[PDB]
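Architecture at a glance
One-letter residues, chain by chain:
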Amino acid sequence: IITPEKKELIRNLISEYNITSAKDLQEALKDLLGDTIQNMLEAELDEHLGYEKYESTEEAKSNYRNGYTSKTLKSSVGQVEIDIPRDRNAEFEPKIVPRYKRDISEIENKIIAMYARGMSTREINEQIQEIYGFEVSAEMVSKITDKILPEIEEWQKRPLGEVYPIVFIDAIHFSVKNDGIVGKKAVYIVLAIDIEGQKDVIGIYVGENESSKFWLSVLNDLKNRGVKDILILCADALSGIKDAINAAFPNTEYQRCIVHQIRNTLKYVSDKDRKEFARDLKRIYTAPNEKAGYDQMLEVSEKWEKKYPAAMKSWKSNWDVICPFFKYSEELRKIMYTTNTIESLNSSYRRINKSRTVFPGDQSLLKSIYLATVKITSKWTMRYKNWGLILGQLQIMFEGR
Amino acid sequence: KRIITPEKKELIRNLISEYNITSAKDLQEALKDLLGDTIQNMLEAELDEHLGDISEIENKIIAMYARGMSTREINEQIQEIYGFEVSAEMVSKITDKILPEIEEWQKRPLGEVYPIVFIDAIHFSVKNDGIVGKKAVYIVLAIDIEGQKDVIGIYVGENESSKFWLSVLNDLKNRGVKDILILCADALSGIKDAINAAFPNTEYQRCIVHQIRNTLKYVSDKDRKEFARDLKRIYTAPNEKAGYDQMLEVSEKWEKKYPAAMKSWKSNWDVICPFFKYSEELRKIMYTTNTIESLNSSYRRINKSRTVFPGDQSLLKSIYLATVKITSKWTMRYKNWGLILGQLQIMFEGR
DNA sequence: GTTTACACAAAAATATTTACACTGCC
DNA sequence: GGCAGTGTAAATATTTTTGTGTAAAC
């Protein structure tokens with residue numbers, strides 16, 4: 001839609017600002033933005049004082065005009081300089097450009113959207129300086145990204161649904177500086193499916209733990225946010241977690257997430273060229289009943305006890321926790337042994353934090369974690385397939401709930 | 001003072017009225033919408049003005065090319081800032097503007113003598129006339145008589161013949177060089193023959209640091225720290241025979257759980273022998289790698305765009321842009337060069 | 001008369017360096 | 001081995017706005 005008023009404006013701009021080339025056009029862009037802002041500030045001053053420049057009024061006024069003061073603005077097309085009007089008693093606050101504000105490009109969110117991508121503060125600084133003209137340092141990037149800390153708290157207090165059929169807990173470890181020592185801390189992401197079949201990160205908790213009381217606090221946080229019943233909760237082997245699970249969620253059948261079993265048994269110690277033969281490990285969870293699964297587990301153990309460090313022993317010891325997986329239907333089995341639904345998150349967090357070698361504090365780590373989390377969950381619109389068929393049977397398994 | 005004409009004031013008023021500007025974002029989006037196609041068509045006409053100085057928008061696009069961004073990334077950024085689309089043809093026509101600058105940079109007059117010179121290779125895939133081939137770009141970095149390091153040359157390498165190295169050396173000598181004091185390049189096919197053919201008067205020995213890099217080509221994560229920790233003993237040795245003893249020791253001690261890399265050490269030991277003839281400071285300036293691995297790794301930090309290059313000139317442009325962006329702030333020279341000067345003048349008096 | 005502009009400090013707000021306490025990488 | 005990075009808190013450095021006295025415009 002090309003309005004003839006716009007064409008008249010274009011011809012008038014080309015004429016009055018002496019545009020003879022494209023470079024003339026960019027310099028005219030700068031000059032025109034500056035002049036427009038100066039005109040609108042002159043209008044706002046006329047509004048505040050109540051009269052135009054040198055206009056006589058019969059009623060004497062306690063405020064006279066007091067010249068101008070300079071300020072360099074930083075806009076999208078480049079750096080401009082303007083002269084701001086000035087009242088005598090210094091009473092009026094500008095409306096277009098507030099006091100002391102020199103960033104105009106509304107670049108705030110963009111900088112954040114870069115930090116959420118995984119961009120270094122120095123990378124962001126170099127990019128902004130190169131492709132915008134004005135300079136924004138790294139500490140200012142940190143100060144800009146500090147602004148979503150209230151948003152982070154509002155997400156930490158987000159009201160949750162009443163019942164979540166399936167919940168997974170995953171840990172991702174990073175190097176963070178606590179009390180002046182850089183140690184490995186694990187962040188726990190709580191991903192849950194609701195009654196309709198939608199995957200959504202329900203919670204994020206920084207570890208900073210050396211106890212089981214932390215797990216009870218996490219479960220009480222989830223229970224306070226609005227949750228009443230969990231049907232299936234799957235977490236990794238962690239300190240005092242089963243007791244906390246049965247303290248606030250007793251009816252929840254806690255089973256050990258099989259993808260965590262395949263990772264902790266295989267990936268931690270495994271020849272890279274023999275690594276792929278997890279296909280024989282598929283035989284354990286494609287079994288019809290728990291007894292056939294245990295028999296296939298023993299067979300796979302005997303065939304792979306030739307080079308296993310300590311995996312099949314963990315299978316044997318934790319078979320008590322892996323047992324309830326078989327009572328669920330075939331589609332719930334599918335929802336369980338799909339490693340992509342957890343591994344996707346883990347790989348995305350790692351690929352976004354690839355450049356962040358060491359974090360200076362807990363809140364800095366939380367910032368990136370929440371940003372990557374929203375950047376990932378924004379794209380999740382496909383709900384789990386074959387649902388309703390899965391729902392119809394799981395609601396039979398758990399009748400009242 | 002911005003003395004604004006009354007017609008300009010009425011024009012600003014008309015702009016505010018047409019776009020209903022009340023905030024700064026209103027003004028910026030107004031200018032973006034109003035003048036998008038204007039800027040686009042002006043630039044297209046000025047680029048097509050070459051048979052069918054540079055501006056800020058074109059400098060910004062040059063920087064976008066410098067950071068190795070996709071054509072779609074540049075398109076998105078320009079559409080957001082100025083408000084018009086930029087085609088890949090437009091990007092190519094804009095970036096061809098620095099080609100005369102590159103011509104000037106490849107014909108620069110060089111100094112008479114350069115104490116230390118390094119040549120490094122970086123390999124890429126480029127498509128010429130529809131054939132995708134592996135081309136290695138060789139960067140020639142040299143330190144001058146005062147102690148300042150600066151990239152002397154950039155050369156595309158075809159099949160890595162000795163004729164190519166001889167041609168590179170003849171280019172360097174025509175640009176003004178007469179004698180090199182120390183030349184250290186990567187172990188390459190038939191480079192020493194060209195070196196002693198075009199600069200015979202001083203026996204240059206190569207691979208002061210490219211050899212530790214070549215042993216680290218198969219750098220295995222588990223065996224990195226201890227292997228470079230014990231390999232520091234090989235090049236910090238006081239004497240040549242002590243160096244050979246440490247070489248055999250490290251070879252026998254780390255041939256376990258690792259292929260037979262050390263053979264390259266033995267066969268090329270004839271070339272590594274004279275390295276110890278240099279003193280502690282002259283060795284330090286060499287084996288630190290602080291400037292060569294820095295250059296190639298900084299190039300790689302911008303190498304996010306792993307695309308095949310559409311021509312030699314595109315690769316050459318990107319390499320020149322990265323090189324000049326590094327050398328602009330890195331032209332600062334290093335200390336303690338007086339002892340190194342006294343040592344180079346003791347070893348090679350005439351220079 | 002009346003207003004407005006212009007300086008040049010002092011004051012107030014903002015943005016940029018070390019500074020760290022380490023990590024990964026040939 | 002060294003060395004180039006990281007995010008940001010503390011410590012500065014920079015820029016903007018403000019008191020008012022005075023020169024100039026209306």
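These residue numbers run from 1 along each chain by written sequence and may not equal the entry numbers. Residues without coordinates are not shown. For this description, chains carry letters from A and ligands carry numbers from 1, given in the order in which they are written. Just so you know, side-chain values use all the structure's heavy atoms and leave hydrogens and water out.

Per the PDB record, this model was obtained through X-ray crystallography at a reported resolution of 3.50 Å.

1. Section: the overall build of chain B
Working definition: helices are DSSP H or I runs of at least four residues, strands are E runs of at least two. Numbering for both runs from the N terminus. Counting its secondary structure elements, chain B contains 17 helices and four strands. In terms of C-alpha radius of gyration, chain B reaches 26 Å, well past the compact-globule figure of 20 Å for 351 residues. Dimensions along the principal axes, computed over C-alpha positions, put chain B at roughly 85 × 50 × 45 Å. For every residue, the accessible area obtained with a 1.4 Å probe (protein chains only) is divided by the maximum for its type, and the residue is called buried under 20%, exposed over 50%, and partly exposed between those limits. Here chain B holds 351 residues, and 47% of them are scored as buried. Accessible surface, chain B: about 19,200 Å² in total, of which carbon and sulfur atoms supply 52%. Computed over 51 positive and 51 negative side-chain charges, the separation of the two mean positions in chain B equals 7 Å. The reference for a compact globule is 2.2 Å times residues^0.38; the radius of gyration itself is calculated from the C-alpha atoms. Method for areas: the Shrake-Rupley scheme with a 1.4 Å probe, in which residue coverage is limited to the protein chains shown. We score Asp and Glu as negative and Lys and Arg as positive, and we do not count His or the chain ends. Here the site of a charge means NZ on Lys, CZ on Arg, CG on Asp, or CD on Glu.

2. What to know about the interface of chain A and chain B
Working rule for contacts: check all heavy atoms of both residues, and any pair within 4.5 Å makes them a contact. Taken together, the contacts link 40 residues of chain A with 43 residues of chain B. A simple way to read buried area is as the amount of 1.4 Å-probe accessible surface that goes missing from two parts once joined, with both sides added. Contact between chain A and chain B buries roughly 4,100 Å² in total, counting both sides, with carbon and sulfur atoms accounting for 64%. Any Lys or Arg side-chain nitrogen located within 4 Å of an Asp or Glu carboxyl oxygen qualifies as a salt bridge. On the surface where chain A and chain B come into contact, there are six salt bridges. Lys 325 of chain B is the salt-bridge partner of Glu 126 of chain A, the closest N and O atoms lying 2.6 Å from each other. Put simply, the parts of the chain that give the side of chain A that touches chain B at least two residues each are α1 (4-16), α2 (22-49) and α4 (121-132) of chain A. With 15 residues, α2 of chain A is the single largest residue contributor to the side of chain A that touches chain B. Taken together, the residues of the side of chain A that touches chain B break down into 17 nonpolar, 12 polar and 11 charged. For this classification, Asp, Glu, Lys and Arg are treated as charged, while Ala, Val, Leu, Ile, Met, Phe, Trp, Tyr, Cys and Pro are nonpolar and the rest, including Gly, are polar.

3. A closer look at the nonpolar core
Working definition of a nonpolar core: buried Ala, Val, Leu, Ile, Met, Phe, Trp, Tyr and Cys residues. They are joined through side-chain atoms within 4.5 Å. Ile 37 of chain A together with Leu 15, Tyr 82 and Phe 84 of chain B are the most contacted members of the largest nonpolar core, which has 174 residues in total. The leading source of residues in this core is helix α2 (residues 24-48) of chain B, at 10 residues. Setting aside residues up to four positions removed in sequence, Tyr 82 of chain B forms contacts with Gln 26, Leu 29 and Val 77 of chain A together with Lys 32, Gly 36, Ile 39, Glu 56, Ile 57 and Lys 60 of chain B. In terms of nonpolar packing, the next biggest core, distinct from the first, is built from 27 residues, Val 117, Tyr 138, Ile 191 and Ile 195 of chain B among them.

4. Some thoughts on the sheet that holds strand β1 (residues 113-128) of chain B
All names here are of chain B. Taken in spatial order, the four strands of this open sheet run β3-β2-β1-β4, and their pairing is mixed. Here the strands that pair on one side only, and so sit at the sheet edges, are β3 (149-157) and β4 (179-185). Averaged over all adjacent pairs, the angle separating strand axes in this sheet is 25°, with direction ignored. As paired strands, β1 and strand β2 (residues 131-143) are joined by 13 bridges and run antiparallel to one another. The residue of β2 that forms the bridge with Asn 128 is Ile 131. Inter-axis angles, ranging from 0 to 180 degrees, are taken between N-to-C directions of lines fitted to C-alpha atoms, where helices are fitted over the stretch in contact. Strands in contact with helix α7 (residues 162-175) are β1, β2 and β3; relative to β3, the strand with the most contacts, it is inclined by about 140°. Strand pairing is assigned whenever DSSP identifies at least 2 bridges connecting the two strands.

5. Regarding the domain arrangement of chain A
Residues and elements named next belong to chain A. Per the domain assignment, the segments of chain A are domain 1 (1-97), domain 2 (107-157) and domain 3 (161-397). A straight line from the C-alpha centre of domain 2 to that of domain 3 covers 31 Å. With 17 residues of domain 2 in contact, the opposing surface of domain 3 contributes 17 residues. For the pair domain 2 and domain 3, the summed buried surface comes to about 1,500 Å²; carbon and sulfur atoms form 63% of the total. Counting every contact that joins domain 2 to domain 3 gives one salt bridge. Measuring nitrogen to oxygen at the nearest pair gives 2.7 Å for the salt bridge that ties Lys 367 to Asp 146. Two N or O atoms form a polar contact when they lie within 3.5 Å of each other; inside protein one atom must be a possible hydrogen donor and the other a possible acceptor, and for residues adjacent in sequence the pair counts only when both atoms belong to side chains. The interface formed by domain 2 and domain 3 holds six residue pairs in polar contact in total. Secondary-structure elements contributing two or more residues to the side of domain 2 that touches domain 3 are α3 (108-117), α5 (138-145) and α6 (149-156). When residues of the side of domain 2 that touches domain 3 are assigned to their parent elements, the largest contribution, five residues, is made by α6. For the side of domain 2 that touches domain 3, the class distribution of residues is eight nonpolar, five polar and four charged. The start and end points of each domain follow an automatic or database-based domain assignment.

6. Section: the protein's contact with DNA strand D
Near DNA strand D there are 35 residues, and of these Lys 71, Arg 99 and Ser 120 of chain A together with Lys 232 and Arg 301 of chain B occur at the shortest range. For this description, a residue counts as near a given molecule or strand if any of its non-hydrogen atoms is within 4 Å of it. Within 4 Å of the protein, the contacting atoms of DNA strand D are 60% sugar and phosphate, with bases supplying the remainder. Within the side chain of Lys 232 of chain B, a nitrogen or oxygen atom sits 2.6 Å from a phosphate oxygen of DNA strand D. For the surface near DNA strand D, the elements supplying multiple residues, two or more each, are β1 (65-74), α4, α5 and α16 (362-377) of chain A together with α10 (225-235) of chain B. Across the surface near DNA strand D, the residue classes break down as nine nonpolar, 12 polar and 14 charged.

7. Concerning the layout of surface pockets
The computed volume of the largest pocket comes to approximately 1,000 Å³. Lining the largest pocket we find 27 residues, and of these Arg 117, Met 119 and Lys 354 of chain A together with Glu 73 and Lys 304 of chain B sit closest to its centre. Elements that contribute at least two residues to the lining of the largest pocket include exactly α3, α4 and α15 (340-352) of chain A together with α4 (71-81) and α15 (292-301) of chain B. At four residues, the largest contribution of residues to the lining of the largest pocket is made by α4 of chain B. When the residues that make up the lining of the largest pocket are grouped by side-chain class, the tally is four nonpolar, nine polar and 14 charged. Using protein atoms alone on a 1 Å grid, points that fit a 1.4 Å probe yet trap it form a cavity, whereas open point sets bounded by protein on both sides within 12 Å along at least five of seven lines form a pocket; residues with an atom within 4 Å of a point count as lining. Grid points are joined across faces, edges and corners, and a volume is the space filled by probe spheres set on the points.

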